[PDB]
Amino acid sequence: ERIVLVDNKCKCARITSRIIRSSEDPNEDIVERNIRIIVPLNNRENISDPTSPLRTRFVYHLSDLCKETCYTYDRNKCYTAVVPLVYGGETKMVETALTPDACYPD
Amino acid sequence: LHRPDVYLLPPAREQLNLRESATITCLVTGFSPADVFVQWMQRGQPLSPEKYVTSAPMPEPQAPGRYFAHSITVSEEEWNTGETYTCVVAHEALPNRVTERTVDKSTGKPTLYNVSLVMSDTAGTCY
Amino acid sequence: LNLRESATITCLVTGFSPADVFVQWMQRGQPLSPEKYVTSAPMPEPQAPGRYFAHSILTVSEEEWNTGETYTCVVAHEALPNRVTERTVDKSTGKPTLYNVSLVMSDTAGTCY
Amino acid sequence: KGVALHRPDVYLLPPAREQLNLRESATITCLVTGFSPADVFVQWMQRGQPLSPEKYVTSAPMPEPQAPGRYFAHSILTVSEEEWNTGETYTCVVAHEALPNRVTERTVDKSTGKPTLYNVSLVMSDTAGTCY
């Protein structure tokens, strides 16, 4: 029986715990904590604005996230800007899509 | 008048190895004024009064105004599943007079971790 | 511990008949003043009729607790063969807590969520 | 009038490192591939400032070998090497009816181009955590 404590996807962490029943021994059951993280390795300090430097120093407080510039993107949430593209005579002041398959309307 | 503090103390292993029983407590302290309620809840059903003993709000030597109290038994082979033995505290100086905290058998000191973290370039969207 | 202001240590005595036990705290060879600790009065046990239980609470700052110290709890009751027993604590009284940390670097290896 | 609006894929390629040895100039490019139909407008923005059209020359779409329906084209810009030595990232825009927004943007500079050094200094602490 694995119990998921927090699955905060902004930091992309899957903190979760399990109990392991031992052999024919007194029931002083052990406690285990599997942790797995994901780092973009290619993103920047600001995940949306294309001006911040590259991600160099990473901080993972395993208590703060369980309640704030979260590193990885999300399945649906994203930030996007607007270009001055005109597209010839027919003016096209069109909103853009910074993240493909993630900035789609939802 | 101020914020009570609640902590959980799991039974010591030396008590459990006797294979006779276990004792679980959640200490409440650093609260003012006195006359603070405590209730024991398990699996959503109320716990019978006799299986727990509640102390009185005595003062503590360090903080004069603040008060502290105590509450406390299960069979040895019952806590192995935990059931987390929830205790809720009802104090006047609380948002909703509820500051529930609970700890199960799994909750506690971890013997080992085997923390296996992965990392790779093809990321950035929490795939 | 995680708020870093002070800590409390508790000594539990259980399953004694009759009443009138004695408890105090021994500090690495020298006693402490009585007001630094609070001893709960004897209380009848619900399950066991003739047995009793009691608590002793001692509060001391975390900063000095970061140093080892002994902080021994000593109890005297007639039922004991020598009429006196005691125990001790420390921050090192925990467990080894084996680690099995594994880390993978290659982006080529297949990853799962 | 009979062509599916396939997703116009856009890639950015930076000047080769060997080109940055004689300290003469550089050459960025953006290529669009796998789309239909033609008549796609492409240009570069420099931190939101429009770039002079004469500074760059784009290509004309031609049929893709593998997929006849898909087309592809290139746009090439030439800049000085010290401009990249100072950073000064740019972005290449697309104008094709396939995308609902009809526009996508990228970003190319020294940092994003083949980082030879990996300064990873991750910190992990408080393994117990407060997660309740």
# chains A, B, ... in the order shown; residues from 1 in each chain; ligands from 1

$ interface_residues --of "chain B" --to "chain A" --cutoff "7 Å" --atoms "only C-alpha atoms" --output "PyMOL selection string"
chain B and resi 17+80+106+109-126

$ interface_residues --of "chain C" --to "chain B" --cutoff "9 Å" --atoms "only C-alpha atoms" --output "number ranges by chain"
C: 35-38, 40, 45-47, 59, 94-109, 111-113

$ write_last_selection --atoms "N, CA, C and O atoms" --output "JSON list (two decimals), in the first residue's frame"
[["chain", "number", "residue", "atom", "x", "y", "z"],
["C", 35, "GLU", "N", 12.02, 22.78, 40.07],
["C", 35, "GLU", "CA", 11.10, 23.58, 39.27],
["C", 35, "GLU", "C", 11.37, 23.48, 37.77],
["C", 35, "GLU", "O", 10.51, 23.87, 36.98],
["C", 36, "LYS", "N", 12.54, 22.97, 37.36],
["C", 36, "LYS", "CA", 12.83, 22.83, 35.94],
["C", 36, "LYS", "C", 12.06, 21.70, 35.28],
["C", 36, "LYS", "O", 12.05, 21.62, 34.05],
["C", 37, "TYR", "N", 11.40, 20.84, 36.06],
["C", 37, "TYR", "CA", 10.63, 19.74, 35.50],
["C", 37, "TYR", "C", 9.30, 19.64, 36.24],
["C", 37, "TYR", "O", 9.17, 20.08, 37.38],
["C", 38, "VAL", "N", 8.31, 19.06, 35.57],
["C", 38, "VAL", "CA", 6.98, 18.89, 36.12],
["C", 38, "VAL", "C", 6.62, 17.41, 36.10],
["C", 38, "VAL", "O", 6.70, 16.77, 35.05],
["C", 40, "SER", "N", 3.77, 14.50, 36.71],
["C", 40, "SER", "CA", 2.34, 14.24, 36.80],
["C", 40, "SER", "C", 2.02, 13.41, 38.03],
["C", 40, "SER", "O", 2.78, 12.51, 38.41],
["C", 45, "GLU", "N", -4.87, 3.32, 36.22],
["C", 45, "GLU", "CA", -4.94, 2.89, 34.83],
["C", 45, "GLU", "C", -6.34, 2.38, 34.52],
["C", 45, "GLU", "O", -6.98, 1.74, 35.37],
["C", 46, "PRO", "N", -6.86, 2.63, 33.31],
["C", 46, "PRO", "CA", -8.21, 2.16, 32.97],
["C", 46, "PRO", "C", -8.31, 0.65, 32.88],
["C", 46, "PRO", "O", -9.20, 0.05, 33.49],
["C", 47, "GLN", "N", -7.40, 0.02, 32.13],
["C", 47, "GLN", "CA", -7.46, -1.43, 31.96],
["C", 47, "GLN", "C", -7.01, -2.14, 33.23],
["C", 47, "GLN", "O", -7.77, -2.89, 33.84],
["C", 59, "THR", "N", 11.62, 20.77, 29.95],
["C", 59, "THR", "CA", 11.79, 21.63, 28.78],
["C", 59, "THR", "C", 13.17, 22.27, 28.83],
["C", 59, "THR", "O", 13.57, 22.81, 29.86],
["C", 94, "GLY", "N", 19.06, 7.88, 17.90],
["C", 94, "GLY", "CA", 18.29, 7.47, 16.74],
["C", 94, "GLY", "C", 18.79, 6.17, 16.13],
["C", 94, "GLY", "O", 19.44, 5.37, 16.80],
["C", 95, "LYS", "N", 18.50, 5.97, 14.85],
["C", 95, "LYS", "CA", 18.84, 4.76, 14.13],
["C", 95, "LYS", "C", 19.82, 5.08, 13.00],
["C", 95, "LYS", "O", 19.94, 6.23, 12.59],
["C", 96, "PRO", "N", 20.55, 4.07, 12.50],
["C", 96, "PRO", "CA", 21.52, 4.35, 11.43],
["C", 96, "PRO", "C", 20.91, 4.97, 10.18],
["C", 96, "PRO", "O", 21.58, 5.78, 9.52],
["C", 97, "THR", "N", 19.67, 4.62, 9.84],
["C", 97, "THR", "CA", 18.96, 5.20, 8.70],
["C", 97, "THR", "C", 19.76, 5.00, 7.40],
["C", 97, "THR", "O", 20.28, 5.94, 6.80],
["C", 98, "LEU", "N", 19.86, 3.73, 6.99],
["C", 98, "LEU", "CA", 20.57, 3.37, 5.77],
["C", 98, "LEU", "C", 20.03, 4.13, 4.57],
["C", 98, "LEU", "O", 18.82, 4.26, 4.38],
["C", 99, "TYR", "N", 20.94, 4.65, 3.75],
["C", 99, "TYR", "CA", 20.60, 5.28, 2.49],
["C", 99, "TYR", "C", 20.91, 4.34, 1.33],
["C", 99, "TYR", "O", 21.88, 3.57, 1.38],
["C", 100, "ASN", "N", 20.09, 4.41, 0.29],
["C", 100, "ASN", "CA", 20.29, 3.65, -0.94],
["C", 100, "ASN", "C", 20.05, 4.55, -2.14],
["C", 100, "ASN", "O", 19.35, 4.21, -3.10],
["C", 101, "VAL", "N", 20.65, 5.75, -2.10],
["C", 101, "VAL", "CA", 20.41, 6.76, -3.12],
["C", 101, "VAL", "C", 20.98, 6.31, -4.45],
["C", 101, "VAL", "O", 22.12, 5.83, -4.53],
["C", 102, "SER", "N", 20.19, 6.45, -5.51],
["C", 102, "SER", "CA", 20.61, 6.15, -6.87],
["C", 102, "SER", "C", 20.32, 7.34, -7.77],
["C", 102, "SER", "O", 19.26, 7.95, -7.67],
["C", 103, "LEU", "N", 21.27, 7.66, -8.65],
["C", 103, "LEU", "CA", 21.15, 8.80, -9.54],
["C", 103, "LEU", "C", 21.53, 8.39, -10.96],
["C", 103, "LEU", "O", 22.52, 7.68, -11.16],
["C", 104, "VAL", "N", 20.74, 8.84, -11.93],
["C", 104, "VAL", "CA", 20.98, 8.57, -13.34],
["C", 104, "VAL", "C", 21.12, 9.89, -14.08],
["C", 104, "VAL", "O", 20.36, 10.83, -13.83],
["C", 105, "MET", "N", 22.10, 9.96, -14.98],
["C", 105, "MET", "CA", 22.43, 11.20, -15.68],
["C", 105, "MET", "C", 21.99, 11.19, -17.14],
["C", 105, "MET", "O", 21.49, 12.20, -17.63],
["C", 106, "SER", "N", 22.13, 10.06, -17.83],
["C", 106, "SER", "CA", 21.95, 10.01, -19.27],
["C", 106, "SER", "C", 20.54, 10.41, -19.68],
["C", 106, "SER", "O", 19.55, 9.92, -19.12],
["C", 107, "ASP", "N", 20.45, 11.30, -20.67],
["C", 107, "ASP", "CA", 19.17, 11.62, -21.29],
["C", 107, "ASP", "C", 18.70, 10.50, -22.21],
["C", 107, "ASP", "O", 17.50, 10.38, -22.49],
["C", 108, "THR", "N", 19.63, 9.68, -22.70],
["C", 108, "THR", "CA", 19.28, 8.63, -23.65],
["C", 108, "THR", "C", 18.37, 7.58, -23.02],
["C", 108, "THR", "O", 17.46, 7.06, -23.67],
["C", 109, "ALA", "N", 18.61, 7.25, -21.75],
["C", 109, "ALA", "CA", 17.84, 6.21, -21.09],
["C", 109, "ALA", "C", 16.37, 6.58, -21.00],
["C", 109, "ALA", "O", 16.02, 7.74, -20.73],
["C", 111, "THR", "N", 12.75, 7.26, -19.75],
["C", 111, "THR", "CA", 12.24, 7.80, -18.50],
["C", 111, "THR", "C", 10.72, 7.68, -18.47],
["C", 111, "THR", "O", 10.05, 7.74, -19.51],
["C", 112, "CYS", "N", 10.18, 7.51, -17.26],
["C", 112, "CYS", "CA", 8.75, 7.37, -17.06],
["C", 112, "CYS", "C", 8.32, 8.30, -15.93],
["C", 112, "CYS", "O", 9.09, 8.62, -15.03],
["C", 113, "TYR", "N", 7.06, 8.72, -15.99],
["C", 113, "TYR", "CA", 6.52, 9.65, -15.01],
["C", 113, "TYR", "C", 5.87, 8.90, -13.84],
["C", 113, "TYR", "O", 6.55, 8.52, -12.89]]

$ interface_residues --of "chain D" --to "chain B" --cutoff "12 Å" --atoms "only C-alpha atoms" --output "list in words"
residues 115, 118, 120, 122, 124, 127, 128, 129, 130, 131 and 132 of chain D

$ residues_around --residues "residue C:14" --least-positions-apart "6" --cutoff "8 Å" --atoms "only C-alpha atoms" --output "MDAnalysis selection string"
chainID C and resid 51:54

$ write_last_selection --atoms "N, CA and C atoms" --output "PDB file, in the first residue's frame"
ATOM      1  N   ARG C  51      -2.639  -1.088  38.715  1.00  0.00           N
ATOM      2  CA  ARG C  51      -1.481  -0.392  38.182  1.00  0.00           C
ATOM      3  C   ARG C  51      -1.752   1.107  38.071  1.00  0.00           C
ATOM      4  N   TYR C  52      -0.669   1.870  37.943  1.00  0.00           N
ATOM      5  CA  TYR C  52      -0.740   3.316  37.799  1.00  0.00           C
ATOM      6  C   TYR C  52       0.311   3.763  36.793  1.00  0.00           C
ATOM      7  N   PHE C  53       0.165   4.999  36.321  1.00  0.00           N
ATOM      8  CA  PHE C  53       1.100   5.566  35.361  1.00  0.00           C
ATOM      9  C   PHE C  53       1.319   7.034  35.689  1.00  0.00           C
ATOM     10  N   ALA C  54       2.458   7.556  35.244  1.00  0.00           N
ATOM     11  CA  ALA C  54       2.795   8.947  35.514  1.00  0.00           C
ATOM     12  C   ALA C  54       3.774   9.461  34.467  1.00  0.00           C
TER      13      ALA C  54
END

$ residues_around --residues "residue B:87" --least-positions-apart "4" --cutoff "12 Å" --atoms "only C-alpha atoms" --output "VMD selection string"
chain B and resid 6 to 8 24 to 28 37 to 44 46 to 47 52 54 70 to 72 83 98 to 104

$ write_last_selection --atoms "N, CA, C and O atoms" --output "compact mmCIF listing (two decimals), in the first residue's frame"
# COMPACT_ATOMS: atom_id res chain seq x y z
N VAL B 6 0.57 21.20 18.98
CA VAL B 6 0.27 19.78 19.14
C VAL B 6 1.34 18.96 18.43
O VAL B 6 1.73 19.27 17.30
N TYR B 7 1.83 17.92 19.10
CA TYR B 7 2.84 17.04 18.54
C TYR B 7 2.48 15.59 18.86
O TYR B 7 1.75 15.32 19.81
N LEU B 8 3.00 14.67 18.05
CA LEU B 8 2.70 13.25 18.18
C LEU B 8 3.94 12.50 18.61
O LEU B 8 5.03 12.72 18.06
N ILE B 24 0.12 5.54 22.62
CA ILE B 24 0.26 6.64 21.68
C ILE B 24 -0.28 7.92 22.32
O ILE B 24 -1.35 7.92 22.93
N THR B 25 0.48 9.00 22.20
CA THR B 25 0.09 10.28 22.77
C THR B 25 0.30 11.40 21.76
O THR B 25 1.20 11.35 20.91
N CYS B 26 -0.57 12.40 21.85
CA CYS B 26 -0.37 13.67 21.17
C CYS B 26 -0.39 14.78 22.22
O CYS B 26 -1.44 15.09 22.79
N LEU B 27 0.78 15.34 22.48
CA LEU B 27 0.96 16.37 23.50
C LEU B 27 0.52 17.72 22.97
O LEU B 27 0.91 18.12 21.87
N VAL B 28 -0.29 18.42 23.76
CA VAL B 28 -0.71 19.78 23.47
C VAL B 28 -0.11 20.69 24.53
O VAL B 28 -0.15 20.38 25.73
N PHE B 37 -10.52 21.57 24.86
CA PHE B 37 -11.11 20.26 24.63
C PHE B 37 -10.22 19.41 23.74
O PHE B 37 -9.53 19.92 22.85
N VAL B 38 -10.26 18.10 23.97
CA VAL B 38 -9.55 17.13 23.14
C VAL B 38 -10.49 15.97 22.85
O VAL B 38 -11.24 15.53 23.73
N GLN B 39 -10.48 15.49 21.61
CA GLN B 39 -11.31 14.38 21.20
C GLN B 39 -10.48 13.37 20.43
O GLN B 39 -9.56 13.75 19.70
N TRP B 40 -10.81 12.09 20.59
CA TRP B 40 -10.10 11.01 19.92
C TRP B 40 -11.02 10.40 18.86
O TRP B 40 -12.10 9.90 19.19
N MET B 41 -10.58 10.45 17.61
CA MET B 41 -11.36 9.96 16.48
C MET B 41 -10.54 8.93 15.72
O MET B 41 -9.34 9.14 15.48
N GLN B 42 -11.17 7.81 15.36
CA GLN B 42 -10.52 6.77 14.57
C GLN B 42 -11.47 6.32 13.47
O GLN B 42 -12.61 5.95 13.75
N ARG B 43 -10.98 6.35 12.22
CA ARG B 43 -11.74 5.88 11.06
C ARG B 43 -13.11 6.54 10.95
O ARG B 43 -14.05 5.97 10.41
N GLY B 44 -13.22 7.76 11.48
CA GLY B 44 -14.47 8.48 11.47
C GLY B 44 -15.45 8.10 12.55
O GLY B 44 -16.46 8.80 12.72
N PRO B 46 -16.30 7.65 16.64
CA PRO B 46 -15.77 8.12 17.92
C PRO B 46 -15.15 6.99 18.72
O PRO B 46 -15.61 5.85 18.68
N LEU B 47 -14.09 7.32 19.46
CA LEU B 47 -13.41 6.36 20.31
C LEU B 47 -14.01 6.39 21.71
O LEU B 47 -14.34 7.46 22.24
N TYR B 52 -8.81 6.01 26.57
CA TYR B 52 -7.88 7.12 26.65
C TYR B 52 -8.03 7.83 27.99
O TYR B 52 -9.10 7.86 28.59
N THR B 54 -7.09 11.59 29.84
CA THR B 54 -6.77 12.98 29.59
C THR B 54 -6.29 13.65 30.87
O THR B 54 -6.90 13.48 31.93
N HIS B 70 -2.21 16.98 28.55
CA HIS B 70 -1.74 15.73 27.97
C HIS B 70 -2.90 14.76 27.83
O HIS B 70 -3.90 14.84 28.55
N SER B 71 -2.75 13.83 26.89
CA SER B 71 -3.71 12.75 26.69
C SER B 71 -2.97 11.53 26.16
O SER B 71 -1.96 11.65 25.47
N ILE B 72 -3.50 10.35 26.48
CA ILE B 72 -2.84 9.09 26.14
C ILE B 72 -3.89 8.08 25.71
O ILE B 72 -4.97 7.99 26.30
N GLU B 83 -3.98 2.87 11.79
CA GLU B 83 -5.30 3.49 11.94
C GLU B 83 -5.20 4.96 12.34
O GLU B 83 -6.22 5.62 12.55
N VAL B 98 -10.37 23.81 15.43
CA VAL B 98 -9.95 22.50 14.95
C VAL B 98 -8.53 22.62 14.43
O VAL B 98 -8.26 23.41 13.52
N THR B 99 -7.61 21.85 15.01
CA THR B 99 -6.22 21.80 14.57
C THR B 99 -5.79 20.34 14.50
O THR B 99 -4.79 19.92 15.09
N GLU B 100 -6.59 19.53 13.81
CA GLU B 100 -6.38 18.09 13.76
C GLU B 100 -4.99 17.74 13.24
O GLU B 100 -4.54 18.27 12.22
N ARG B 101 -4.32 16.83 13.95
CA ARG B 101 -3.07 16.24 13.51
C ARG B 101 -3.09 14.76 13.87
O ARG B 101 -3.57 14.38 14.94
N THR B 102 -2.56 13.93 12.97
CA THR B 102 -2.60 12.49 13.19
C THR B 102 -1.35 11.85 12.58
O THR B 102 -0.75 12.38 11.64
N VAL B 103 -0.97 10.71 13.15
CA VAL B 103 0.20 9.96 12.71
C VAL B 103 -0.16 8.48 12.71
O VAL B 103 -0.69 7.96 13.70
N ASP B 104 0.14 7.79 11.61
CA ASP B 104 -0.11 6.37 11.47
C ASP B 104 1.17 5.58 11.76
O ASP B 104 2.23 6.15 12.04

$ select_by_dssp --residues "chain C" --states "strand (DSSP E or B)" --output "PyMOL selection string"
chain C and resi 7-16+22-27+30-31+37-39+43-44+52-60+72-76+84-87+98+102-104

$ interface_residues --of "chain A" --to "chain D" --cutoff "10 Å" --atoms "only C-alpha atoms" --output "NGL selection string"
:A and (4-6 or 15-16 or 33 or 35 or 39 or 41-44 or 50-51 or 53-67 or 81-88 or 92-100 or 104-105)

$ atom_distance --atom1 "atom CA of residue D:15" --atom2 "atom CA of residue A:80"
27.5 Å

$ atom_distance --atom1 "atom CA of residue C:27" --atom2 "atom CA of residue C:65"
12.9 Å

$ residues_around --residues "residue D:63" --least-positions-apart "4" --cutoff "10 Å" --atoms "only C-alpha atoms" --output "PyMOL selection string"
chain D and resi 33-36+38+67-73

$ residues_around --residues "residue B:23" --least-positions-apart "6" --cutoff "9 Å" --atoms "only C-alpha atoms" --output "PDB file with N, CA and C atoms, in the first residue's frame"
ATOM      1  N   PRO B  10       5.248   8.658  18.886  1.00  0.00           N
ATOM      2  CA  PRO B  10       4.995   7.233  18.691  1.00  0.00           C
ATOM      3  C   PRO B  10       5.554   6.422  19.845  1.00  0.00           C
ATOM      4  N   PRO B  11       4.983   5.251  20.124  1.00  0.00           N
ATOM      5  CA  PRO B  11       5.520   4.405  21.197  1.00  0.00           C
ATOM      6  C   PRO B  11       6.945   3.962  20.900  1.00  0.00           C
ATOM      7  N   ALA B  12       7.736   3.825  21.961  1.00  0.00           N
ATOM      8  CA  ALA B  12       9.110   3.368  21.814  1.00  0.00           C
ATOM      9  C   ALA B  12       9.147   1.890  21.448  1.00  0.00           C
ATOM     10  N   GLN B  15       8.985  -0.771  24.248  1.00  0.00           N
ATOM     11  CA  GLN B  15       7.659  -1.140  24.723  1.00  0.00           C
ATOM     12  C   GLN B  15       6.988  -2.137  23.786  1.00  0.00           C
ATOM     13  N   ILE B  72      -3.501  10.354  26.485  1.00  0.00           N
ATOM     14  CA  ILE B  72      -2.844   9.094  26.140  1.00  0.00           C
ATOM     15  C   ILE B  72      -3.891   8.075  25.708  1.00  0.00           C
ATOM     16  N   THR B  73      -4.081   3.795  24.840  1.00  0.00           N
ATOM     17  CA  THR B  73      -3.442   2.489  24.899  1.00  0.00           C
ATOM     18  C   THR B  73      -4.144   1.557  23.922  1.00  0.00           C
ATOM     19  N   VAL B  74      -3.355   0.790  23.171  1.00  0.00           N
ATOM     20  CA  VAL B  74      -3.866  -0.158  22.193  1.00  0.00           C
ATOM     21  C   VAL B  74      -3.133  -1.479  22.382  1.00  0.00           C
ATOM     22  N   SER B  75      -3.693  -2.535  21.802  1.00  0.00           N
ATOM     23  CA  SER B  75      -2.997  -3.810  21.803  1.00  0.00           C
ATOM     24  C   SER B  75      -1.783  -3.736  20.882  1.00  0.00           C
ATOM     25  N   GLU B  76      -0.800  -4.593  21.165  1.00  0.00           N
ATOM     26  CA  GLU B  76       0.470  -4.525  20.450  1.00  0.00           C
ATOM     27  C   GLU B  76       0.291  -4.804  18.962  1.00  0.00           C
TER      28      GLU B  76
END
